[PDB]
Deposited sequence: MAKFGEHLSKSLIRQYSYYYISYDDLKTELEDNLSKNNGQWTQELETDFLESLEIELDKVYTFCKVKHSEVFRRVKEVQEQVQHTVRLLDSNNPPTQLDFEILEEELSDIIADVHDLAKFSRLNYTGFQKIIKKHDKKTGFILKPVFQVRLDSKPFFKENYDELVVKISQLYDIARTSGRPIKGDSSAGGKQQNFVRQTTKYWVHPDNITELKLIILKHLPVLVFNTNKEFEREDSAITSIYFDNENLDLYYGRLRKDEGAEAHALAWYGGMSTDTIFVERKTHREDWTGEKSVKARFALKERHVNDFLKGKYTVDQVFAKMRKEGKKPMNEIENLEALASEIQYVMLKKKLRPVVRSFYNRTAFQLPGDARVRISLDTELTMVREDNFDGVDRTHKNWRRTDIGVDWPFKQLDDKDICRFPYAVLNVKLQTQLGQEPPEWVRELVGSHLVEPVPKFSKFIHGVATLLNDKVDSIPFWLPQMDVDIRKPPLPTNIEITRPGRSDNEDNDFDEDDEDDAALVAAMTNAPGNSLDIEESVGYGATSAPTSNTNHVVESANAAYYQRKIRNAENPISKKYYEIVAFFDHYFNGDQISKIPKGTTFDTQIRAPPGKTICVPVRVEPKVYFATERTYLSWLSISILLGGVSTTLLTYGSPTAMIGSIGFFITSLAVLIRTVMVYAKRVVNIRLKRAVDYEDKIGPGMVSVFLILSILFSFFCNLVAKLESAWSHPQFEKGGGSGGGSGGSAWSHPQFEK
């Protein structure tokens, strides 16, 4: 797949690049020395290679010690600063959210440095072991004992960095609790099953695995995530999410694990938008399964949902009121719009992320199926229940009818990057997302895909990826406008407009308007001051001015209306220039012709 030197070159951030082991250099030296001596090894070659190894080991040990001391100093200083900040809360000037967020940012930087340093030390130890194994395998001399003693005498790897991560996470939690009153980029990719394992292995060389099990076992049902989505009979919310509207809501009841889980998360996603950009606000609260049905009927009052949360008192009142307002809004929307379960989105998610480090997070969702929950065809799939009890998490649901289930053929890779300004995403991520193992499909939605595939007969507007599900996305290791919407179901792609266009659309308007004024300035001048023969040319200039004004008004009213509603705007003007040129030239001809005919006729 890749050689170790490439792995070292790929795992650096230009700060540990120079100080990595020169694995390629040692390998080349060993191979060349073996070749030059006719495959043989002697004591002088052994001493030379040992000198090279000792120089590399001293460099690595020195850099590791320097970084270890620096990280300890930073941890001590930030711990003292956090303690002082906590103490200052009793003073007459609280440190406030700015100071607390500065502390949080510094703690995040320390976590990143600790993780990078631990990875660097581990990779260097791996390289040393590989070099020693290659040596005592290729030649007839054994170097494992002596170099093991040297490595023990310079132990850049015997450093427990887990304690540092625990301490910095504790400091971060304390800062977040006591303070409570970068650029983020998330992308979605399709992974063919044949390319799954390899892909997974790559992510396993850079990030650990989150296990939702107390015994750290990989049980079948632990990774299962299920989510029921809610819609009207008219699929109002599906169109609202497809056409990215302001206030577009997505209501779901999700849960984790098998169907013995008694905590169902009521979630709402709201699409907010300003000229700055589009954002999604997610708000969810946990509700005991037993009451979920009643909560959907209005029989379970919001105060009953958060009665014990207030009774315990281990929750700030601001959070309690926020959750109460969220629950009230969700229940009111469900009762008003008459929402019903439509699609269940089941999948198994494997999450890779370093503890306390949010720079790179990866979620691989496999076995993604979407089951039909609604009764729009007259078949009662959910017998007065918020979910279908005919199926659980028993993939691939062999008991379902073929019409009710859409088994998504690929897996979904969700890459979330949180990169502070001034740096860039790590190299391994960059070559992971641009390799042949993934197929970038931005804005893929499991709810939209499920509704479009299962309720296709009731849908007259489909996402862009739907008519492309038969495309083979496998690519060899290293322009298409024929994607036509099916008959009667137009592909919907909302078009977002750059803020500067909002002024450019105005700019040209004024640039036209002024010109029309000039033409009007002529047309009036030849009417109120012009002689009766000048009114003849004023006729043409008047026609030209009116045409220019009307064209300008209609063009830019249409442009404003189409920049709203997120419609595609044709920015090429193929009528205005030619029309104004012809009209102006003909007006000048008409004026000159009138004067000349007055002269000669």
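Practice item. Walk along the deposited sequence from position 1 and note every stretch that has no C-alpha coordinates. Key: Coordinates drop out over 182-194, 492-601, 725-754.
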